[PDB]
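> Residue numbers (PDB author numbering), protein chains in the order written: chain B, 1 to 154; chain D, 3 to 154; chain A, 2 to 152; chain C, 1 to 154.
After the structure tokens below, expect a handful of questions from me.
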Amino acid sequence: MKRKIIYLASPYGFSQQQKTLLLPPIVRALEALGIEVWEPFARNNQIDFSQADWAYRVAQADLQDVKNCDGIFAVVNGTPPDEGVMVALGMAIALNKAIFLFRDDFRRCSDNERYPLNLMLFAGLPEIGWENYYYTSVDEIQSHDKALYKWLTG
Amino acid sequence: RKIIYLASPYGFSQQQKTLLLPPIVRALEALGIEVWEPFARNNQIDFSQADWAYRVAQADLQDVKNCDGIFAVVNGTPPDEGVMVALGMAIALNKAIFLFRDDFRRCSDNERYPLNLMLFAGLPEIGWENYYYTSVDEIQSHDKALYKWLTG
Amino acid sequence: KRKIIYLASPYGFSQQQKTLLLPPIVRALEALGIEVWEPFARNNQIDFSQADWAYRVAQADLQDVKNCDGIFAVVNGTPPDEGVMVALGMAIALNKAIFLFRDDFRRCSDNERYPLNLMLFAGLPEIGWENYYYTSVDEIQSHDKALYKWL
Amino acid sequence: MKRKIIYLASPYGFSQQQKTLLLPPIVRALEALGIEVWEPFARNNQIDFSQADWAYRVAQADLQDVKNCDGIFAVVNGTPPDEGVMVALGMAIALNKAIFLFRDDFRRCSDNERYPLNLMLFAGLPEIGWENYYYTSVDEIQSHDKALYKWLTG
Numbered sequence: 001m002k003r004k005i006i007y008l009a010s011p012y013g014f015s016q017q018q019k020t021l022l023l024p025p026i027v028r029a030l031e032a033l034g035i036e037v038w039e040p041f042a043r044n045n046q047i048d049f050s051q052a053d054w055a056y057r058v059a060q061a062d063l064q065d066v067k068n069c070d071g072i073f074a075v076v077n078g079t080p081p082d083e084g085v086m087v088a089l090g091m092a093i094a095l096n097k098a099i100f101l102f103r104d105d106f107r108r109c110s111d112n113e114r115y116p117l118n119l120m121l122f123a124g125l126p127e128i129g130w131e132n133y134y135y136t137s138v139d140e141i142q143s144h145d146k147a148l149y150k151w152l153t154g
Numbered sequence: 003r004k005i006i007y008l009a010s011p012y013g014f015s016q017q018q019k020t021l022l023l024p025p026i027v028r029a030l031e032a033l034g035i036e037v038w039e040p041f042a043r044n045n046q047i048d049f050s051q052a053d054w055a056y057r058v059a060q061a062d063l064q065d066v067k068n069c070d071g072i073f074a075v076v077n078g079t080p081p082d083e084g085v086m087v088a089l090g091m092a093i094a095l096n097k098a099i100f101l102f103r104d105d106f107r108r109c110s111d112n113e114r115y116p117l118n119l120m121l122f123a124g125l126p127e128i129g130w131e132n133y134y135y136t137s138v139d140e141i142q143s144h145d146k147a148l149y150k151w152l153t154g
Numbered sequence: 002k003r004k005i006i007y008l009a010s011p012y013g014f015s016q017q018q019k020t021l022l023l024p025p026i027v028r029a030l031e032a033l034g035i036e037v038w039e040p041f042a043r044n045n046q047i048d049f050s051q052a053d054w055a056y057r058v059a060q061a062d063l064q065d066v067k068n069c070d071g072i073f074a075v076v077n078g079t080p081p082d083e084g085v086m087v088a089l090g091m092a093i094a095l096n097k098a099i100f101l102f103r104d105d106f107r108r109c110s111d112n113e114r115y116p117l118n119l120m121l122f123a124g125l126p127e128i129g130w131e132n133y134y135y136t137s138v139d140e141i142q143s144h145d146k147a148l149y150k151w152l
Numbered sequence: 001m002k003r004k005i006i007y008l009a010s011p012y013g014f015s016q017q018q019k020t021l022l023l024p025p026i027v028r029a030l031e032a033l034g035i036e037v038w039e040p041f042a043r044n045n046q047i048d049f050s051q052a053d054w055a056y057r058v059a060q061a062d063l064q065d066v067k068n069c070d071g072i073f074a075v076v077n078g079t080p081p082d083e084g085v086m087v088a089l090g091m092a093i094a095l096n097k098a099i100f101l102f103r104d105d106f107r108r109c110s111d112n113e114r115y116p117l118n119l120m121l122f123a124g125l126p127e128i129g130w131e132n133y134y135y136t137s138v139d140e141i142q143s144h145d146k147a148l149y150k151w152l153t154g
């Protein structure tokens, strides 16, 4: 009955249009699985951007959310994936959080032939079956055959 | 010897690997640091096997876990994603953090720092600049955090 | 003849961005009387099962830039998209009208005068280039900016 | 062999170490073919960077060099290739300059399966034989079986 907490890491807060139009459908798909979504652009609405220390406070606030999530859902679109998202993904791998990756961007940005992206993004995923954690469309988030659903049900 | 994980995108180009990395390695070794540079350290991995990518990732993860600090080359627009994953690991594991950027361009989401604020989450609010190196010649500096960290 | 805008963007690469972000921009331009040439839609006819599809898309995009009246370049991202940048360089060298769009508040710059790499502004005047630089979809139809005046 | 003019577009001037160590070998490889190299970071050292209009002056100078060159030699390393290089490449394609591409970066940043990079970089290259204009190592620049050399001897 306690909802699992997902940190929703994305570059979508940087573009006015992307923040308005791309994130809400992703948040809704995750919430339809029963997830408690911590999305940092929304959770940092409160922070007083008129202070000189706002960037440091956002950094610490995001760090605490990653430490206290149960898993990360990392939007890794872009060439290359966003550096903020990557730092958060690294934190979550090191803290043994559950890892889920989302990329509906069909371009390749890779240093290898096994994975569609730089191999470091998959260090927290299994050698076999990592594709089950790798979502390629918003429509796929609901899938009972993929790893987010299975994680929530055991 | 304190151990530094030297994260960089410099293994990706023939020239960068042979020309850019050794000067940085030498500058760190001249401080008495044992340098763990992943492109060199994973040279014994068999790149004819399908699982080589997985083994590099696991080896890199273990080196981050076992290092004492990360020295992260964060050049580029934006910084390299593999360097960033490694930086994130190091922050979460409470490793010492040192950043290197001799790229004068800005790739930032704020005005306080020259780069995305998440890179500085493992550095102090005041004096983070002491951990931020902007030239190979500055690495040896007695007044910057790497030296103080070794002699502290 | 309606004026023709080549709408260059990285938005066709992401399924969601293609669906949600491009139609509002197309509509804002068309509401000004513009005929919009958006290459991901214009190249939909190409047979992507054939090995020459990438060459045919490149030549189609090149011809569209040659035949447009101006480019409206979505230069979001860190850095701006390389496909959009090649089209922009083409448009600049061909004396097409240049309009830039960035609603990404991040900075990817090599100078202090402009918010982006200085080469993106090579086709814009020294004074008043900000009039050609759009930072929101709402601002596209500003009767005070360069697109409206150009029309 | 003719002494043709090559605009050497690269991102290497942005990093102190790369400007010092990566750019001169490429300049020398081109000069070793008898080419007159126009390298913009060096060519704009004349400009007064204490004036507010220095960025405008560098852009116009670069634009003029692309107009007046015979070909571009574009260093298209990085994920993605550098945006200033890409604008210059676009200018050169539309001005029917000769086009030569250099990438010794072994990562892929591509939107297709025919080319190793975004297809727009190859719009001014032939459908068949574009590989002869595509260089993947400094040592290869001198090859008389590739298009730079043959362009000089025609």
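C-beta atoms are modelled at their ideal positions from N, C-alpha and C, and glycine is treated no differently.
Can you give me the C-alpha to C-alpha distance between residue 30/A and residue 65/A, rounded to a whole angstrom?
Here residue 30/A corresponds to residue number 29 of the third sequence, with the count starting at 1. Here residue 65/A corresponds to residue number 64 of the third sequence, with the count starting at 1. Whole-angstrom Cα-Cα distance: 17 angstroms.
> Can you tell me the Cα-Cα spacing of residue 35/A and residue 48/A, whole angstroms?
For the purposes of this step, residue 35/A is taken as residue 34 along the third sequence, with counting starting at 1. For the purposes of this step, residue 48/A is taken as residue 47 along the third sequence, with counting starting at 1. If you take the alpha carbons of residue 35/A and residue 48/A, they lie about 28 angstroms apart.
> Considering only C-alpha positions, which residue in the set 142/C, 94/C and 106/C is nearest to residue 62/A?
Taking the third sequence and counting its residues from 1, the one referred to as residue 62/A is at position 61. Ranking the options by Cα distance to residue 62/A, first place goes to 94/C.
> Spell out whether any CB of chain C is found under 8 angstroms from the CB atom of residue 77/D.
Counting from 1 along the second sequence, the entry for residue 77/D is found at position 75. Closer than 8 angstroms: yes.
> How long is the line joining the alpha carbons of residue 4/A and residue 152/A, rounded to whole angstroms?
For the purposes of this step, residue 4/A is identified with residue 3 of the third sequence, where counting begins at 1. For the purposes of this step, residue 152/A is identified with residue 151 of the third sequence, where counting begins at 1. Those two C-alpha atoms are separated by around 8 angstroms.
> Quick check on residue 123/B: buried or exposed, where buried means 16 or more other Cβ atoms within 10 Å of its Cβ?
As a first step, residue 123/B is located in the first sequence; it is residue number 123 there, counting from the start. Residue 123/B should be labelled buried.
> Given that residue 110/D touches chain A, what residues does it touch there, using C-beta distances under 8 angstroms?
If you number the second sequence from 1, residue 110/D lands on position 108. By Cβ distance, chain A contributes 107 and 108.
> Just list the beta strand (DSSP E) runs in the segment 8-92 of chain B, keeping only unbroken ones of 3 residues or longer that don't cross its boundaries, in chain order.
Correct list: 36-38 and 71-75.
> Spatial neighbours of residue 91/A within its chain, please: CB distance less than 6 angstroms, with the 5 preceding and 5 following residues excluded, ordered by chain position.
Sequence index remark: in the third sequence, residue 91/A carries index 90 (1-based). Sequence-distant Cβ neighbours of residue 91/A in its own chain, meaning closer than 6 angstroms and more than five residues away, are 66.
> Taking only the alpha-carbon atoms, compute the straight-line gap between residue 89/D and residue 121/D and give it to the nearest angstrom.
As a position in the second sequence, residue 89/D is number 87, starting the count at 1. As a position in the second sequence, residue 121/D is number 119, starting the count at 1. Distance between the alpha carbons of residue 89/D and residue 121/D: 7 angstroms.
> Take every Cβ of the segment 106-121 of chain C, pair it with every Cβ of the segment 50-61 of chain A, and state whether three or more of those distances are shorter than 8 angstroms.
Short answer: they touch.
> Is the beta carbon of residue 104/D closer than 8 angstroms to that of residue 132/D?
By 1-based counting over the second sequence, the position of residue 132/D is 130. By 1-based counting over the second sequence, the position of residue 104/D is 102. No, the pair does not count as a contact, with Cβ atoms beyond the cut-off.
> Quick one: what's got a C-beta closer than 6 angstroms to residue 7/A's C-beta in the same chain, skipping five residues either side?
Position 6 of the third sequence, counted from the start, is the residue given in the question as residue 7/A. Answer for residue 7/A: 38, 65, 66, 69 and 72, listed in chain order.
> Quick check: is the beta carbon of residue 11/D nearer than 8 angstroms to any beta carbon in chain A?
In the second sequence, counting from the first residue as 1, residue 11/D sits at position 9. No, no contact with chain A.
> From this set, 75/B, 14/B, 127/B and 2/B, which residue's C-alpha is nearest residue 141/B's C-alpha?
As a first step, residue 141/B is located in the first sequence; it is residue number 141 there, counting from the start. Considering only alpha carbons, the answer is 75/B.
> Per DSSP, what kind of secondary structure is residue 141/C in: helix, strand or coil?
Translated into the one-based positions of the fourth sequence, residue 141/C becomes position 141. Of the three classes helix, strand and coil, the one that applies to residue 141/C here is helix, per DSSP.
> Would you list the residues sitting across from residue 135/C in a DSSP beta bridge?
Taking the first residue of the fourth sequence as position 1, residue 135/C is located at position 135. Paired residue(s): 102/C.
> Is residue 87/D near residue 10/D, with beta carbons less than 8 angstroms apart?
As a working mapping, residue 87/D is identified with position 85 in the second sequence. As a working mapping, residue 10/D is identified with position 8 in the second sequence. No, Cβ-Cβ distance for residue 87/D and residue 10/D is not below 8 angstroms.
> Just the C-alpha distance for residue 55/C and residue 53/A, rounded to the nearest angstrom, thanks.
Translated into positions along the fourth sequence, residue 55/C becomes position 55. Translated into positions along the third sequence, residue 53/A becomes position 52. For residue 55/C and residue 53/A, the distance between alpha carbons rounds to 40 angstroms.
> Given residue 149/C, which residues of its chain have a CB within under 8 angstroms of its CB, disregarding the five upstream and five downstream residues?
Position 149 of the fourth sequence holds residue 149/C. Non-local C-beta neighbours of residue 149/C in its own chain, meaning closer than 8 angstroms and more than five positions away in sequence, comprise 33, 142 and 143, ordered along the chain.
> Taking C-beta to C-beta, are residue 137/C and residue 16/D nearer than 8 angstroms?
The residue labelled residue 137/C in the question sits at position 137 within the fourth sequence. The residue labelled residue 16/D in the question sits at position 14 within the second sequence. Residue 137/C is a Cβ neighbour of residue 16/D, given a cutoff of 8 angstroms.
> Would you say residue 127/A reaches chain F, if we count a Cβ-Cβ gap shorter than 8 angstroms as a contact?
In summary, chain F is missing from the structure at hand, where the protein chains are B, D, A and C.
> Hey, could you find the ends of the alpha helix (DSSP H) residue 153/B is sitting in?
As a first step, residue 153/B must be located in the first sequence, where it is residue number 153. Its alpha helix (DSSP H) spans residues 147-153.
> Check whether the Cβ of residue 80/C lies closer than 8 angstroms to any Cβ atom in chain B.
As a position in the fourth sequence, residue 80/C is number 80, starting the count at 1. At a cut-off of 8 angstroms between C-beta atoms, residue 80/C counts as an interface residue with respect to chain B.
> Is there a Cβ of chain D sitting closer than 8 angstroms to that of residue 15/C, yes or no?
Sequence index remark: in the fourth sequence, residue 15/C carries index 15 (1-based). It does: the Cβ of residue 15/C has a partner Cβ on chain D nearer than 8 angstroms.
> Distance, Cα to Cα, residue 101/B vs residue 135/B?
Residue numbering aside, residue 101/B sits at position 101 when the first sequence is read from its first letter. Residue numbering aside, residue 135/B sits at position 135 when the first sequence is read from its first letter. So the two alpha carbons sit approximately 6 angstroms from each other.
> Under 7 angstroms Cβ to Cβ from residue 209/A, same chain only, skipping five residues before and after it: list those, please.
Any question about residue 209/A goes unanswered here, given that chain A covers just 2 to 152.
> So, with DSSP's three-state summary, where would you put residue 119/B?
What you label residue 119/B is simply residue 119 of the first sequence in a count that begins at 1. Looking at residue 119/B - three-state DSSP - the assignment turns out to be helix.
> Which residues, in order along the segment 130-144 of chain A, keep a beta-carbon less than 7 angstroms from a beta-carbon of chain B?
137 and 138
> Could you tell me the distance, in whole angstroms, from the CA atom of residue 128/A to the CA atom of residue 111/A?
For the purposes of this step, residue 128/A is taken as residue 127 along the third sequence, with counting starting at 1. For the purposes of this step, residue 111/A is taken as residue 110 along the third sequence, with counting starting at 1. About 19 angstroms.
> Within 8 angstroms of any Cβ in chain D, is that where the Cβ of residue 86/B sits?
On the first sequence, position 86 is the one that residue 86/B refers to. Under the Cβ criterion of 8 angstroms, residue 86/B is counted among the residues facing chain D.
> In chain C, what lies closer than 9 angstroms to residue 63/A by C-beta?
Locating residue 63/A in the third sequence gives position 62, where the first residue counts as 1. Here the neighbours are 93, 94, 120, 123 and 124.
> Less than 6 angstroms between C-beta atoms, sequence neighbours within five positions excluded: which residues of the same chain meet that for residue 13/B?
Sequence index remark: in the first sequence, residue 13/B carries index 13 (1-based). 19 and 41, listed in sequence order.
> Does the beta carbon of residue 83/B come closer than 8 angstroms to any beta carbon on chain D?
Taking the first residue of the first sequence as position 1, residue 83/B is located at position 83. So, interface residue.
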